[PDB]
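First residue of the sequence shown: 1, per the authors' numbering; consecutive thereafter.
Just so it is clear, CB atoms sit at the ideal spot from N, CA and C, and this is done for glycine as well.
Everything below concerns the one structure shown next.
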Amino acid sequence: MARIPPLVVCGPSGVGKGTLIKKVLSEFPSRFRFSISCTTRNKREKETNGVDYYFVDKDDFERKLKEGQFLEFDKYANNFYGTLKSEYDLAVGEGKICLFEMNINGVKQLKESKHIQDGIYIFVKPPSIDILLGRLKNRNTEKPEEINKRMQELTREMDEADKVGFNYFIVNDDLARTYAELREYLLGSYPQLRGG
Ligand SMILES: Nc1nc2c(ncn2[C@@H]2O[C@H](COP(=O)(O)O)[C@@H](O)[C@H]2O)c(=O)[nH]1
Numbered sequence: 001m002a003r004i005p006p007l008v009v010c011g012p013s014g015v016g017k018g019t020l021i022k023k024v025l026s027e028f029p030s031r032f033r034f035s036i037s038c039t040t041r042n043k044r045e046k047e048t049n050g051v052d053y054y055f056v057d058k059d060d061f062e063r064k065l066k067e068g069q070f071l072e073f074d075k076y077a078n079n080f081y082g083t084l085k086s087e088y089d090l091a092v093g094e095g096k097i098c099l100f101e102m103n104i105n106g107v108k109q110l111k112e113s114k115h116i117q118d119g120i121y122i123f124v125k126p127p128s129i130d131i132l133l134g135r136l137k138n139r140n141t142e143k144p145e146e147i148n149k150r151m152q153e154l155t156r157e158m159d160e161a162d163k164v165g166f167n168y169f170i171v172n173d174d175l176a177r178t179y180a181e182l183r184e185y186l187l188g189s190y191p192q193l194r195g196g
């Protein structure tokens, strides 16, 4: 009998999917385990190694890849990101729903993986592209090239999301409203789920 399907959250940079995920984990902390991805990008000052990501250098990312540690990986905006088999295994051992956050290429890979039989895939959209571009611009500290790459990824992502096979599309206009919608979708999708 099938394991409980992982929850997979995808969307463009600047859409607020990280905050939505933190709200899910806040309401349902005993029910989900967040998959801590590896990334080669620089850690921001209030991110934490071993909570948000495992921040590694590109050499160590390549070593991990070649040693067979990843279920999927991609290059996004000049850095590498990857989902560890061990992190999915920890969720499974704990009897929890694994919660992944990954980009559209990672989604495509997970859907073809023989390690995971099914999943619930959600794409988070902005209220408008203009609003999202404005949100990216409000990141005072990111370099123009970094913003540039994230906006280039946005174009691809918005173009392809319709073709990938998401179970649900949600528009993050306001966190309270959007989370109220999201939690009802999750409760409907996971009859096993309750708060706490
Ligand atoms: N394919 C893949 N994408 C990831 C992974 N972790 C984060 N990402 C994606 O990479 C993009 C950039 O993440 P950020 O640098 O903004 O944290 C986001 O779309 C994020 O969801 C991963 O393990 N695999």
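So, under 8 Å CB-CB, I104 and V164 are touching, yes? Tell me the CB distance rounded to an integer number of Å. The count along the sequence shown starts at 1 and reaches residue 104 at position 104. The count along the sequence shown starts at 1 and reaches residue 164 at position 164. About 6 Å separates the beta carbon of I104 from that of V164, a gap short enough to meet the 8 Å contact definition.
Cα-Cα separation between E145 and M1, rounded to whole angstroms: For the purposes of this step, residue 145 is identified with residue 145 of the sequence shown, where counting begins at 1. For the purposes of this step, residue 1 is identified with residue 1 of the sequence shown, where counting begins at 1. Their Cα atoms are separated by approximately 48 Å.
Would you list the one or two residues that DSSP bridges to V56? Along the sequence shown, one-based indexing puts residue 56 at 56. Its beta-bridge partners do not exist; DSSP assigns none.
CB of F73 to nearest heavy atom of ligand 1: below 7 Å? By 1-based counting over the sequence shown, the position of residue 73 is 73. For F73, the shortest C-beta to heavy atom distance toward ligand 1 is below 7 Å.
Which value, in whole angstroms, describes the spacing of the CA atoms of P127 and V171? Reading the sequence shown from its first residue, position 127 is the one you call residue 127. Reading the sequence shown from its first residue, position 171 is the one you call residue 171. Cα to Cα, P127 sits roughly 6 Å from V171.
Quick check: the segment 130-148 against the segment 99-115, are at least 3 beta-carbon pairs closer than 8 Å? no
So, helix, strand or coil for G82, using DSSP? One-based indexing of the sequence shown puts residue 82 at position 82. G82: strand per DSSP, three-state reduction.
Integer-rounded CB distance, given that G195 should sit under 8 Å from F34: Taking the first residue of the sequence shown as 1, we reach residue 34 at position 34. Taking the first residue of the sequence shown as 1, we reach residue 195 at position 195. Their Cβ separation, rounded to whole angstroms, is 17 Å, which puts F34 and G195 out of contact at 8 Å.
Looking only at its chain, what residues have a beta carbon closer than 6 Å to the beta carbon of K23, apart from the 5 residues adjacent to it on each side? Your numbering for residue 23 matches position 23 in the sequence shown. Excluding positions up to five away in sequence, the list reads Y179.
Closer than 7 Å: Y76 CB and nearest ligand 1 heavy atom: As a first step, residue 76 must be located in the sequence shown, where it is residue number 76. Indeed, a heavy atom of ligand 1 lies less than 7 Å from the Cβ.
Please go through the segment 136-175 and give each complete alpha helix (DSSP H) segment of 4 or more residues, from N-terminal end onward. 144-164
Is there at least one non-hydrogen atom of ligand 1 closer than 7 Å to the beta-carbon of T141? As a first step, residue 141 must be located in the sequence shown, where it is residue number 141. Not so, every heavy atom of ligand 1 lies at least 7 Å from the Cβ.
Tell me, please, which residues DSSP counts as bridged to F61. Against the sequence shown, residue 61 aligns to sequence position 61. Answer is none; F61 lacks a bridge partner.
Where DSSP assigns a beta bridge to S37, which residues make up the other side? Taking the sequence shown and counting its residues from 1, one reaches residue 37 at position 37. According to DSSP, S37 bridges with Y53.
Residue nearest to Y88 in terms of C-alpha spacing, selected from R3, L182, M151, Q192: Position 88 of the sequence shown, counted from the start, is the residue given in the question as residue 88. Ranking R3, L182, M151, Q192 by Cα distance to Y88 puts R3 first.
Cα separation between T48 and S189? For the purposes of this step, residue 48 is taken as residue 48 along the sequence shown, with counting starting at 1. For the purposes of this step, residue 189 is taken as residue 189 along the sequence shown, with counting starting at 1. Going from the Cα of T48 to the Cα of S189 covers about 31 Å.
Could you check how far apart the C-beta atoms of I120 and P5 are, in whole angstroms? I think they sit under 8 Å. On the sequence shown, residue 120 is found 120 positions in, with the first residue counted as 1. On the sequence shown, residue 5 is found 5 positions in, with the first residue counted as 1. Their Cβ separation, rounded to whole angstroms, is 5 Å, which keeps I120 and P5 in contact under 8 Å.
Cα-Cα, which of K85, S37, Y53 is closest to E67? Locating residue 67 in the sequence shown gives position 67, counting from the first residue. Taking only the C-alpha atoms, the option nearest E67 is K85.
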